[PDB]
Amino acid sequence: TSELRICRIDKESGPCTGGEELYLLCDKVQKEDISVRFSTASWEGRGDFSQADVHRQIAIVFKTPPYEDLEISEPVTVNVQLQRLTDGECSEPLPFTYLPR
């Protein structure tokens, strides 16, 4: 109830040794009343995190624009950033590399 829902987990696999840092996207939860449970029909395990590790974020779903040159033979890593429409203010850039066909 209260709708505990996980939207996704950045990684779908990892070493059985554990201790691997991951992150999951979910709907509203109470950081003082939430935990992560890994399990099978006969085993149970918990993710290691604190309240400081529960971040309120915004997620934007979008389709990439086609690159200027659809005939590139070599990868081309461009910049990706947030930009405000009103003032045209940008955020720092993050890389994204386009791959040839």
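Each residue number is its position in the shown sequence, starting from 1.
For the pair 71 to 79 and 58 to 66, the record assigns the higher mean C-alpha temperature factor to 71 to 79. In this entry, 28 to 36 has the higher mean Cα B-factor, the comparison being between 47 to 55 and 28 to 36.
When all modelled residues of the chain are sorted by CA temperature factor, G14 is found within the middle third. When all modelled residues of the chain are sorted by CA temperature factor, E20 is found within the lowest third.
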